[PDB]
Amino acid sequence: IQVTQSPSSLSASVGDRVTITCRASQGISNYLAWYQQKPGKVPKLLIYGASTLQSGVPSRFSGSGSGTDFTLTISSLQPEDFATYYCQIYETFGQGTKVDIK
Amino acid sequence: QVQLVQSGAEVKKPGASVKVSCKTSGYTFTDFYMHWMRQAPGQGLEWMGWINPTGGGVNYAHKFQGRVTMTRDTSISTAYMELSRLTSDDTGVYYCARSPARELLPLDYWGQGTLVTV
Amino acid sequence: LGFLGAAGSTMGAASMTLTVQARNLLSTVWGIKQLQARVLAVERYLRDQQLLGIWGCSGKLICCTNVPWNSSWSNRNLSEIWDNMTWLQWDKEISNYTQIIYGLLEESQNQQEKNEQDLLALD
Amino acid sequence: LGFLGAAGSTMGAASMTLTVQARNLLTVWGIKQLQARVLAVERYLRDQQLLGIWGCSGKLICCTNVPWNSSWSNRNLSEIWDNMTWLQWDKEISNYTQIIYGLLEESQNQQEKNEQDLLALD
Amino acid sequence: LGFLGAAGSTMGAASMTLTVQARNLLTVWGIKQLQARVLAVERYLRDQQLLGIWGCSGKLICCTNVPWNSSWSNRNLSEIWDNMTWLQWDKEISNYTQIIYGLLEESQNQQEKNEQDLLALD
Amino acid sequence: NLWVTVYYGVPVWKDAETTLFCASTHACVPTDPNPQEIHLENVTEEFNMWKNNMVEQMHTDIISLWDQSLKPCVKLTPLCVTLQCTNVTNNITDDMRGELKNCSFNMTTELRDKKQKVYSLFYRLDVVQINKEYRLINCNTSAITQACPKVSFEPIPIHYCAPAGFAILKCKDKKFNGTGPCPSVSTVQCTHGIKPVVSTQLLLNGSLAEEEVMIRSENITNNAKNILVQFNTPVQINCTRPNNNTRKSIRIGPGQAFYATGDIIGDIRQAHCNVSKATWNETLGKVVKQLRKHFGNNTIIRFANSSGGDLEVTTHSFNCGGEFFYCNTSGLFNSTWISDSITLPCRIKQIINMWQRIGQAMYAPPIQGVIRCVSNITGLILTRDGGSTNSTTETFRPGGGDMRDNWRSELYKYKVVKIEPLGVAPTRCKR
Amino acid sequence: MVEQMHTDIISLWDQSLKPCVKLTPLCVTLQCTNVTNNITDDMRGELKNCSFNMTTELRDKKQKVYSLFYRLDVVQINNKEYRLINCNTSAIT
Ligand SMILES: *[C@@H]1O[C@H](CO)[C@@H](O[C@@H]2O[C@H](CO)[C@@H](O[C@@H]3O[C@H](CO)[C@@H](O)[C@H](O)[C@@H]3O)[C@H](O)[C@H]2NC(C)=O)[C@H](O)[C@H]1NC(C)=O
Ligand SMILES: *[C@@H]1O[C@H](CO)[C@@H](O[C@@H]2O[C@H](CO)[C@@H](O)[C@H](O)[C@H]2NC(C)=O)[C@H](O)[C@H]1NC(C)=O
Ligand SMILES: *[C@@H]1O[C@H](CO)[C@@H](O[C@@H]2O[C@H](CO)[C@@H](O)[C@H](O)[C@H]2NC(C)=O)[C@H](O)[C@H]1NC(C)=O
Ligand SMILES: *[C@@H]1O[C@H](CO)[C@@H](O[C@@H]2O[C@H](CO)[C@@H](O)[C@H](O)[C@H]2NC(C)=O)[C@H](O)[C@H]1NC(C)=O
Ligand SMILES: *[C@@H]1O[C@H](CO)[C@@H](O[C@@H]2O[C@H](CO)[C@@H](O)[C@H](O)[C@H]2NC(C)=O)[C@H](O)[C@H]1NC(C)=O
Ligand SMILES: *[C@@H]1O[C@H](CO)[C@@H](O)[C@H](O)[C@H]1NC(C)=O
Ligand SMILES: *[C@@H]1O[C@H](CO)[C@@H](O)[C@H](O)[C@H]1NC(C)=O
Ligand SMILES: *[C@@H]1O[C@H](CO)[C@@H](O)[C@H](O)[C@H]1NC(C)=O
Ligand SMILES: *[C@@H]1O[C@H](CO)[C@@H](O)[C@H](O)[C@H]1NC(C)=O
Ligand SMILES: *[C@@H]1O[C@H](CO)[C@@H](O)[C@H](O)[C@H]1NC(C)=O
Ligand SMILES: *[C@@H]1O[C@H](CO)[C@@H](O)[C@H](O)[C@H]1NC(C)=O
Ligand SMILES: *[C@@H]1O[C@H](CO)[C@@H](O)[C@H](O)[C@H]1NC(C)=O
Ligand SMILES: *[C@@H]1O[C@H](CO)[C@@H](O)[C@H](O)[C@H]1NC(C)=O
Ligand SMILES: *[C@@H]1O[C@H](CO)[C@@H](O)[C@H](O)[C@H]1NC(C)=O
Ligand SMILES: *[C@@H]1O[C@H](CO)[C@@H](O)[C@H](O)[C@H]1NC(C)=O
Ligand SMILES: *[C@@H]1O[C@H](CO)[C@@H](O)[C@H](O)[C@H]1NC(C)=O
Ligand SMILES: *[C@@H]1O[C@H](CO)[C@@H](O)[C@H](O)[C@H]1NC(C)=O
Ligand SMILES: *[C@@H]1O[C@H](CO)[C@@H](O)[C@H](O)[C@H]1NC(C)=O
Ligand SMILES: *[C@@H]1O[C@H](CO)[C@@H](O)[C@H](O)[C@H]1NC(C)=O
Ligand SMILES: *[C@@H]1O[C@H](CO)[C@@H](O)[C@H](O)[C@H]1NC(C)=O
Ligand SMILES: *[C@@H]1O[C@H](CO)[C@@H](O)[C@H](O)[C@H]1NC(C)=O
Ligand SMILES: *[C@@H]1O[C@H](CO)[C@@H](O)[C@H](O)[C@H]1NC(C)=O
Ligand SMILES: *[C@@H]1O[C@H](CO)[C@@H](O)[C@H](O)[C@H]1NC(C)=O
Ligand SMILES: *[C@@H]1O[C@H](CO)[C@@H](O)[C@H](O)[C@H]1NC(C)=O
Ligand SMILES: *[C@@H]1O[C@H](CO)[C@@H](O)[C@H](O)[C@H]1NC(C)=O
Ligand SMILES: *[C@@H]1O[C@H](CO)[C@@H](O)[C@H](O)[C@H]1NC(C)=O
């Protein structure tokens, strides 16, 4: 299952709308999950089941989409929020993406 | 509470066999399948495999078939993995993750993290 | 008299006192024994009650119908049935045809309720 | 108002809200639970049959031919239906309840027989 | 035909097959068999009581005195009763059922008191 | 104008969950010879064989049945003693090189002041070397009980029925891929025969696909749902225990008679299984042709033996003439397909942690004389390897273990629904 | 009525027997002797004075205790060694 993250690199500032997508091969419906891995620390789960989000997750993090293309979006951004993010599909983990201040 | 402790950092030389452990506490061990994951330094996180803690069912991926072998121990509530015939590319970080039932997307909660130097 | 007082009486006298019977139809492994005994009793009563109500005869004990009485079942004029016979012998006599009686009663009630709704359809 | 709400209210007031009180009428732990449930079912069936042999089947309210007797209550109708609660009424006539039931059942049986005879009058 | 014989058929062809469906509503295992049987009897009794508080007791068919608010449905008689299945109908009016039931009960109550007044007139 | 009317006893149903009851234990209500199958017409009903609750209910029922069958039997708690073992070397072949091990031990008698000295021939998998001293496998994890010799427990047809106010809906469509709107539907008073077979990696006996092989999966392509493969036609299989074995009684107290192996009569050989190679080849060809639909008409396919785990899942595990056979299916699932009789060695056990539970280990008594088991193989339980492999051969391996899936191989055509017989509608009738 | 009454009485018997101590420990070798202490010629060798080891409150301590049994209830082994008649057949409560 081909997975193409987008954008590979991204620079964003505090408190702005930031969206990240991943292209799939065919349709997988809600079947999708996104995770975060702050450098050094263990990866943690952000979104699963397509839009469905994890417990204890601030509502600023929200994902959705359909077909081959979905999007995880954040509006508010506190300094801990930016990190490496990973889209995931089946046994076809995303390459990841880089999020940095400004 | 739900705690997934993982083995300590291990250092080694090529050609031997390396073993890692992931101990769980706080939940019904047999209910949730366990995926093992690996990421090379500064790379993506490739999926090592998955194990069923109800009958010992396991599935690997060819990328890493015939070299890996993982089993379970229900008494102490733990999952063990081993890798033989290592290659220098295999140096990197390994992780244990938890998925409900016979499902594979939601990798809720995670281990401390092990590093292996080939 | 009391329970089954007119067990062997003539048909009319027994029919005059149908209420006592109607009342008397209703009242740790011995626990489940009594539970299944009572639920079987309740189920039998409710099955009989529904079998009456499907004929429009619920709410009554002496319910009249409009099935023509095919003489093939029995040709005994009313004198013997209602003055010279008991319920047991009679039930023995029409045991072989009671199912057909039930079916004809179903059909007749269905036609009658449909005709009643049709009459009410008029403005 | 809801369950038992008119219990302390006037007779006339409570006589308008019968349905709200009628619909709410109906390993050892499962044993006691099933015993209680079957008891409740059998009690509702008690009442349903007892109304059925009174010609009052399926009506929460029903008039019958049996006449009142001043011995049972020397009570003016306004007092009964606009001044005195249901509980006090059940308490007052608790003695004479059985004779009322017997007379009522006899009247219903006589009514059924008369109805049957009239239907055949052709 | 039989049980659920005309479930997918047109509306009227099912309308005269009600008797079969109406009739066919009646340790490790003994307790569970008891639980299932008593659940069935409770369900039947609840249905019978719901019919009885609407005055339709003992009749599979019945008629009521509530106007049909077209908000619940606007389909004319031919469309419903010649080109539709019962499952589709229950799907269509699912939300409004409760409201209907309430109105039905209320109508019966009003009607009933009216009847009593007529039986009170000398 | 239009007026409401209430219709009682109306053909309307909704999905629901409730208890069912058998038909055919000492408590089953006998069935009847009238399999009344009222063919519902112009109907189309959604099905999800992966979430029909009754399969789990059936599973739970079976579990409880097993427990109640075992409780009034001897508990071999005194049997957990040190075993002075010797590897058997009498007429033993080069295939079974020291599996049976005849072990002396002291055993309690009717008078616990006295004792005795008895023997046995426990198989290797049940005995572990404590340090020449051995112990039975379960003596540190869980207690041990024995099956009562009376019951010859085996597949007995157990029909199912719904309790007086619920309906059972079939799906007569012969291409039912397990999920979606089934076009042809028909109800039944009770289910047909379902043998409660216990088998992993190979669904022994049961119902076969009517027209063609079928592949069922809640999601074919997510490598985590146990794929079921229902065969169009059966595959004959013959499993055999050819060692002439005897049985002896040992008094373990006031009336507790433990049935122990005494000695093997005549020669000793490996207990093996056979399957017609040609028919198996044709059926697996059929299976891969069907799989080409879901995985494309230009994909290589690979079949490789089980990937590991417990003994019960790594091998075909099942029952045969009272004994428990563990056949190694690596000799079948070894092939590759591009766009005579196979023989299976099998081991035997006497201590079984059936239903993959912890705390209840059952001792299966031996059975006098050789044992034969002829059966129809009806379907497989597979899993896709994965590895993504760009575009490459996708590898399939036998799975199983979770016995519930086997129940789903016979409870997929069915569903349970609840009747809502009090409907309403508008009509021109006024009170 | 008779069959179901018989079954009910059997089950009552079993239920009443159930909440009572199990008496496996008497399944032990019995050292028994005749009794001729103010005996009659009629009761010759019908009662037997038996003794045996027995458990205690604490599992380590064993007590040598004696009681009197009836000949119909006891069987010889193959001296003066004896056992309960039912001990070879089934449990005892
Ligand atoms: C699948 O169905 C077949 C066919 O019924 C089953 O074969 C049956 O196997 C049992 C033992 O497991 C046999 O029982 C024994 O048979 C003879 C009867 O004379 C005798 O040795 C014993 O008294 C005992 O009853 C049974 O006969 C045999 N049936 C046939 C027709 O050969 C098979 O076991 C089933 N598969 C599974 C996994 O259960
Ligand atoms: C299973 O297949 C094997 C291999 O063909 C059979 O082994 C032969 O069995 C026959 C008797 O059936 C012997 O006479 C031959 O000597 C065996 N030949 C070998 C091992 O090469 C075996 O019998 C079959 N078992 C069955 C049908 O139960
Ligand atoms: C299993 O054994 C049975 C006999 O017990 C074999 O049945 C024969 O099968 C052939 C086809 O292979 C039929 O033509 C014969 O009529 C059958 N004979 C009998 C006596 O039933 C069966 O072939 C054996 N299976 C294998 C794989 O060898
Ligand atoms: C299951 O049977 C297969 C087929 O006989 C076994 O595979 C052989 O195993 C032997 C012994 O380890 C090896 O020498 C061979 O090279 C294996 N052959 C192949 C083609 O792989 C297998 O070992 C058996 N498995 C078990 C667990 O007994
Ligand atoms: C599955 O097949 C593999 C080969 O793909 C078998 O590997 C053998 O394993 C045994 C030990 O069980 C070794 O002694 C052999 O050397 C292995 N053979 C080869 C050719 O590598 C394995 O036995 C099989 N496993 C099962 C059935 O569980
Ligand atoms: C029985 O028959 C005789 C007929 O005269 C009569 O004395 C009696 O009343 C009858 N009664 C009953 C209850 O059978
Ligand atoms: C009456 O029943 C007989 C059989 O008992 C049948 O032959 C006859 O046709 C029936 N007549 C009717 C219903 O008029
Ligand atoms: C009834 O019929 C019988 C013959 O079956 C006859 O003796 C008797 O007189 C009849 N009675 C009447 C009232 O017609
Ligand atoms: C209680 O009684 C008073 C008069 O004493 C009346 O005003 C009031 O409405 C009654 N309340 C109810 C709930 O009936
Ligand atoms: C009224 O009751 C009294 C007392 O029981 C009784 O004597 C009298 O006959 C009764 N009158 C009526 C008409 O019921
Ligand atoms: C009813 O009877 C009582 C008795 O004292 C009398 O005072 C009262 O006026 C009467 N009430 C009516 C007719 O409403
Ligand atoms: C009811 O019965 C008791 C007991 O006989 C009697 O003393 C009492 O007066 C009666 N009560 C009424 C309210 O009539
Ligand atoms: C099914 O639909 C067809 C038209 O497609 C109609 O002719 C037929 O009567 C319907 N069958 C039933 C049983 O309603
Ligand atoms: C209930 O209302 C919702 C929202 O409009 C609608 O989706 C559904 O179909 C309605 N169901 C009915 C009227 O049965
Ligand atoms: C029996 O012999 C086999 C084969 O040499 C050996 O592996 C095993 O350890 C021996 N067992 C005992 C108990 O001596
Ligand atoms: C195992 O050892 C016992 C020791 O007495 C012997 O009787 C028995 O024959 C041996 N078994 C075999 C199969 O040689
Ligand atoms: C039986 O018990 C004795 C001690 O009473 C012990 O020495 C002997 O080894 C035991 N027998 C076996 C076969 O272990
Ligand atoms: C029991 O012994 C077995 C021998 O393999 C071992 O695997 C297991 O951990 C032991 N269990 C305990 C609770 O000591
Ligand atoms: C099952 O088949 C139906 C009908 O073609 C289809 O809609 C559905 O997607 C299929 N399900 C799967 C899991 O392939
Ligand atoms: C095996 O298939 C045959 C095919 O004729 C069938 O008759 C037989 O019943 C099947 N046996 C079993 C045990 O399922
Ligand atoms: C997986 O199956 C579920 C349940 O039918 C469905 O929602 C989903 O779309 C399926 N996905 C596939 C076939 O890729
Ligand atoms: C039989 O198996 C072989 C294994 O190579 C395969 O090529 C062949 O296609 C199979 N038979 C048929 C008729 O296809
Ligand atoms: C496995 O399959 C190969 C062909 O891929 C064959 O040569 C070999 O004999 C098979 N091994 C077995 C049955 O052990
Ligand atoms: C096993 O050997 C004994 C020797 O008497 C014989 O009775 C029995 O039939 C044999 N079993 C078989 C299956 O040949
Ligand atoms: C009690 O145990 C002793 C050994 O401690 C034994 O010699 C004796 O036989 C037992 N008691 C009797 C009465 O035999
Ligand atoms: C035990 O031995 C006694 C000796 O009298 C005998 O009566 C009894 O039947 C034996 N037990 C069994 C189970 O046969």
# chains A, B, ... in the order shown; residues from 1 in each chain; ligands from 1
>>> residues_around(residues="segment 21-37 of chain A", least_positions_apart="5", cutoff="7 Å", atoms="only C-alpha atoms", output="PyMOL selection string")
(chain A and resi 1-6+42-50+66-72+83-89) or (chain B and resi 105-106)
>>> select_by_dssp(residues="chain D", states="helix (DSSP H, G or I)", output="NGL selection string")
:D and (11-14 or 18-23 or 28-52 or 77-82 or 86-92 or 97-119)
>>> residues_near_ligand(ligand="ligand 7", cutoff="9 Å", atoms="only C-alpha atoms and all ligand atoms", output="number ranges by chain")
C: 68-74, 97
>>> residues_around(residues="segment 14-18 of chain G", least_positions_apart="2", cutoff="12 Å", atoms="only C-alpha atoms", output="PyMOL selection string")
(chain C and resi 28-30) or (chain G and resi 7-12+20-22+92-93)
>>> write_last_selection(atoms="N, CA and C atoms", output="PDB file, in the first residue's frame")
ATOM      1  N   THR C  28     -31.772 -25.452  46.358  1.00  0.00           N
ATOM      2  CA  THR C  28     -32.394 -24.369  45.605  1.00  0.00           C
ATOM      3  C   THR C  28     -32.894 -24.819  44.227  1.00  0.00           C
ATOM      4  N   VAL C  29     -32.636 -26.078  43.859  1.00  0.00           N
ATOM      5  CA  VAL C  29     -33.164 -26.613  42.604  1.00  0.00           C
ATOM      6  C   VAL C  29     -34.688 -26.650  42.632  1.00  0.00           C
ATOM      7  N   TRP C  30     -35.280 -26.727  43.823  1.00  0.00           N
ATOM      8  CA  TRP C  30     -36.720 -26.533  43.935  1.00  0.00           C
ATOM      9  C   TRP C  30     -37.119 -25.132  43.502  1.00  0.00           C
TER      10      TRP C  30
ATOM     11  N   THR G   7     -37.636 -39.399  42.507  1.00  0.00           N
ATOM     12  CA  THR G   7     -36.533 -38.533  42.100  1.00  0.00           C
ATOM     13  C   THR G   7     -36.351 -37.384  43.084  1.00  0.00           C
ATOM     14  N   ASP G   8     -37.458 -36.780  43.521  1.00  0.00           N
ATOM     15  CA  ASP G   8     -37.378 -35.668  44.460  1.00  0.00           C
ATOM     16  C   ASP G   8     -36.775 -36.128  45.780  1.00  0.00           C
ATOM     17  N   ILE G   9     -37.166 -37.310  46.254  1.00  0.00           N
ATOM     18  CA  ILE G   9     -36.625 -37.814  47.512  1.00  0.00           C
ATOM     19  C   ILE G   9     -35.136 -38.109  47.371  1.00  0.00           C
ATOM     20  N   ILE G  10     -34.727 -38.661  46.228  1.00  0.00           N
ATOM     21  CA  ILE G  10     -33.307 -38.913  45.983  1.00  0.00           C
ATOM     22  C   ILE G  10     -32.527 -37.607  46.039  1.00  0.00           C
ATOM     23  N   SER G  11     -33.039 -36.577  45.368  1.00  0.00           N
ATOM     24  CA  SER G  11     -32.327 -35.308  45.335  1.00  0.00           C
ATOM     25  C   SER G  11     -32.304 -34.655  46.712  1.00  0.00           C
ATOM     26  N   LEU G  12     -33.386 -34.792  47.481  1.00  0.00           N
ATOM     27  CA  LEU G  12     -33.378 -34.296  48.854  1.00  0.00           C
ATOM     28  C   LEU G  12     -32.310 -35.003  49.673  1.00  0.00           C
ATOM     29  N   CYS G  20     -21.823 -31.673  54.563  1.00  0.00           N
ATOM     30  CA  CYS G  20     -21.333 -32.425  55.706  1.00  0.00           C
ATOM     31  C   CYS G  20     -19.916 -32.897  55.423  1.00  0.00           C
ATOM     32  N   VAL G  21     -19.207 -33.216  56.507  1.00  0.00           N
ATOM     33  CA  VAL G  21     -17.783 -33.523  56.422  1.00  0.00           C
ATOM     34  C   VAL G  21     -17.553 -34.787  55.603  1.00  0.00           C
ATOM     35  N   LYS G  22     -16.503 -34.763  54.783  1.00  0.00           N
ATOM     36  CA  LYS G  22     -16.039 -35.961  54.095  1.00  0.00           C
ATOM     37  C   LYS G  22     -15.187 -36.796  55.041  1.00  0.00           C
ATOM     38  N   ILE G  92     -16.807 -41.830  51.031  1.00  0.00           N
ATOM     39  CA  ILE G  92     -17.619 -41.940  52.235  1.00  0.00           C
ATOM     40  C   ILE G  92     -17.792 -40.548  52.828  1.00  0.00           C
ATOM     41  N   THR G  93     -19.019 -40.235  53.243  1.00  0.00           N
ATOM     42  CA  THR G  93     -19.344 -38.970  53.886  1.00  0.00           C
ATOM     43  C   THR G  93     -20.233 -39.255  55.086  1.00  0.00           C
TER      44      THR G  93
END
>>> residues_around(residues="segment 105-118 of chain D", least_positions_apart="3", cutoff="8 Å", atoms="only C-alpha atoms", output="number ranges by chain")
C: 19, 60-64; D: 53-55, 64-66, 101-102, 121
>>> residues_near_ligand(ligand="ligand 1", cutoff="10 Å", atoms="only C-alpha atoms and all ligand atoms", output="MDAnalysis selection string")
chainID F and resid 152:156 195:199 202:206 237:239 317:325 367:377
>>> interface_residues(of="chain G", to="chain F", cutoff="12 Å", atoms="only C-alpha atoms", output="MDAnalysis selection string")
chainID G and resid 22:30 52:55 62 77 82:93
>>> write_last_selection(atoms="C-alpha atoms", output="PDB file, in the first residue's frame")
ATOM      1  CA  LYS G  22     -16.039 -35.961  54.095  1.00  0.00           C
ATOM      2  CA  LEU G  23     -14.785 -39.039  55.951  1.00  0.00           C
ATOM      3  CA  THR G  24     -11.945 -40.281  53.762  1.00  0.00           C
ATOM      4  CA  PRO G  25      -9.479 -40.508  56.728  1.00  0.00           C
ATOM      5  CA  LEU G  26     -11.095 -43.668  58.147  1.00  0.00           C
ATOM      6  CA  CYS G  27      -9.821 -45.460  55.025  1.00  0.00           C
ATOM      7  CA  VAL G  28      -6.837 -46.790  56.983  1.00  0.00           C
ATOM      8  CA  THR G  29      -5.583 -50.155  58.184  1.00  0.00           C
ATOM      9  CA  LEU G  30      -7.572 -51.186  61.258  1.00  0.00           C
ATOM     10  CA  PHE G  52      -5.882 -46.863  63.956  1.00  0.00           C
ATOM     11  CA  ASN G  53      -3.805 -43.803  63.204  1.00  0.00           C
ATOM     12  CA  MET G  54      -5.679 -40.588  62.501  1.00  0.00           C
ATOM     13  CA  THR G  55      -4.970 -37.005  61.535  1.00  0.00           C
ATOM     14  CA  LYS G  62      -1.031 -38.092  64.247  1.00  0.00           C
ATOM     15  CA  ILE G  77      -7.422 -57.945  54.646  1.00  0.00           C
ATOM     16  CA  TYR G  82      -9.302 -54.833  58.824  1.00  0.00           C
ATOM     17  CA  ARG G  83     -10.828 -52.073  56.712  1.00  0.00           C
ATOM     18  CA  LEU G  84     -14.180 -50.434  56.103  1.00  0.00           C
ATOM     19  CA  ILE G  85     -16.266 -52.473  53.666  1.00  0.00           C
ATOM     20  CA  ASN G  86     -17.050 -49.503  51.406  1.00  0.00           C
ATOM     21  CA  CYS G  87     -13.465 -48.205  51.385  1.00  0.00           C
ATOM     22  CA  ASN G  88     -12.588 -50.246  48.291  1.00  0.00           C
ATOM     23  CA  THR G  89     -15.701 -49.118  46.372  1.00  0.00           C
ATOM     24  CA  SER G  90     -16.571 -45.427  46.732  1.00  0.00           C
ATOM     25  CA  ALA G  91     -16.068 -42.287  48.784  1.00  0.00           C
ATOM     26  CA  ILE G  92     -17.619 -41.940  52.235  1.00  0.00           C
ATOM     27  CA  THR G  93     -19.344 -38.970  53.886  1.00  0.00           C
TER      28      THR G  93
END
>>> closest_residue(among="F:17, F:76, F:101, F:92", to="ligand 15", atoms="only C-alpha atoms and all ligand atoms")
F:101
>>> residues_near_ligand(ligand="ligand 3", cutoff="6 Å", atoms="only C-alpha atoms and all ligand atoms", output="PyMOL selection string")
chain F and resi 236-238+274-276+341
>>> write_last_selection(atoms="C-alpha atoms", output="mmCIF file, in the first residue's frame")
data_model
loop_
_atom_site.group_PDB
_atom_site.id
_atom_site.type_symbol
_atom_site.label_atom_id
_atom_site.label_comp_id
_atom_site.auth_asym_id
_atom_site.auth_seq_id
_atom_site.Cartn_x
_atom_site.Cartn_y
_atom_site.Cartn_z
ATOM 1 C CA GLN F 236 -10.514 -36.889 2.197
ATOM 2 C CA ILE F 237 -8.179 -37.198 5.198
ATOM 3 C CA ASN F 238 -7.192 -40.337 7.140
ATOM 4 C CA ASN F 274 -2.627 -39.071 4.956
ATOM 5 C CA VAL F 275 -4.304 -36.864 2.354
ATOM 6 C CA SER F 276 -4.744 -37.528 -1.360
ATOM 7 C CA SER F 341 -0.653 -39.363 -0.776
#
>>> residues_around(residues="residue 95 of chain B", least_positions_apart="2", cutoff="7 Å", atoms="only C-alpha atoms", output="mmCIF file with N, CA and C atoms, in the first residue's frame")
data_model
loop_
_atom_site.group_PDB
_atom_site.id
_atom_site.type_symbol
_atom_site.label_atom_id
_atom_site.label_comp_id
_atom_site.auth_asym_id
_atom_site.auth_seq_id
_atom_site.Cartn_x
_atom_site.Cartn_y
_atom_site.Cartn_z
ATOM 1 N N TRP B 36 5.545 -5.164 17.326
ATOM 2 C CA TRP B 36 6.902 -4.683 17.486
ATOM 3 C C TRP B 36 7.262 -3.828 16.284
ATOM 4 N N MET B 37 7.948 -2.717 16.560
ATOM 5 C CA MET B 37 8.280 -1.697 15.579
ATOM 6 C C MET B 37 9.772 -1.409 15.663
ATOM 7 N N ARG B 38 10.353 -0.960 14.551
ATOM 8 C CA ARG B 38 11.751 -0.550 14.533
ATOM 9 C C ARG B 38 11.903 0.689 13.667
ATOM 10 N N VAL B 93 16.583 1.712 16.788
ATOM 11 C CA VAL B 93 15.694 1.673 17.942
ATOM 12 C C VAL B 93 14.559 0.694 17.678
ATOM 13 N N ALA B 97 4.454 -2.036 21.056
ATOM 14 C CA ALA B 97 3.212 -1.281 20.997
ATOM 15 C C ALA B 97 2.034 -2.241 21.085
ATOM 16 N N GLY B 111 6.427 1.439 24.572
ATOM 17 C CA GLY B 111 7.456 1.067 25.518
ATOM 18 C C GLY B 111 8.473 2.171 25.744
ATOM 19 N N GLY B 113 11.700 1.972 25.119
ATOM 20 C CA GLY B 113 12.510 2.001 23.917
ATOM 21 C C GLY B 113 13.865 1.353 24.108
ATOM 22 N N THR B 114 14.240 0.452 23.201
ATOM 23 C CA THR B 114 15.552 -0.183 23.221
ATOM 24 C C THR B 114 16.359 0.281 22.022
#
>>> decode(residues="segment 12-20 of chain D", atoms="N, CA and C atoms", output="mmCIF file, in the first residue's frame")
data_model
loop_
_atom_site.group_PDB
_atom_site.id
_atom_site.type_symbol
_atom_site.label_atom_id
_atom_site.label_comp_id
_atom_site.auth_asym_id
_atom_site.auth_seq_id
_atom_site.Cartn_x
_atom_site.Cartn_y
_atom_site.Cartn_z
ATOM 1 N N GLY D 12 -60.979 13.131 42.309
ATOM 2 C CA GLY D 12 -61.269 13.529 40.941
ATOM 3 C C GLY D 12 -60.014 13.757 40.124
ATOM 4 N N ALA D 13 -59.001 14.377 40.729
ATOM 5 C CA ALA D 13 -57.753 14.620 40.016
ATOM 6 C C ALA D 13 -57.072 13.308 39.649
ATOM 7 N N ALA D 14 -56.925 12.408 40.624
ATOM 8 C CA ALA D 14 -56.273 11.133 40.359
ATOM 9 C C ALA D 14 -57.064 10.257 39.400
ATOM 10 N N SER D 15 -58.376 10.462 39.288
ATOM 11 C CA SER D 15 -59.168 9.648 38.374
ATOM 12 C C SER D 15 -58.939 9.991 36.907
ATOM 13 N N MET D 16 -58.139 11.011 36.594
ATOM 14 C CA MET D 16 -57.796 11.351 35.220
ATOM 15 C C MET D 16 -56.439 10.813 34.776
ATOM 16 N N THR D 17 -55.622 10.294 35.698
ATOM 17 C CA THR D 17 -54.250 9.890 35.397
ATOM 18 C C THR D 17 -54.017 8.415 35.694
ATOM 19 N N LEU D 18 -54.914 7.548 35.226
ATOM 20 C CA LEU D 18 -54.782 6.129 35.530
ATOM 21 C C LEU D 18 -53.683 5.469 34.705
ATOM 22 N N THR D 19 -53.488 5.908 33.457
ATOM 23 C CA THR D 19 -52.541 5.239 32.569
ATOM 24 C C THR D 19 -51.116 5.339 33.089
ATOM 25 N N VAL D 20 -50.728 6.517 33.590
ATOM 26 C CA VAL D 20 -49.356 6.726 34.058
ATOM 27 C C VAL D 20 -49.006 5.746 35.168
#
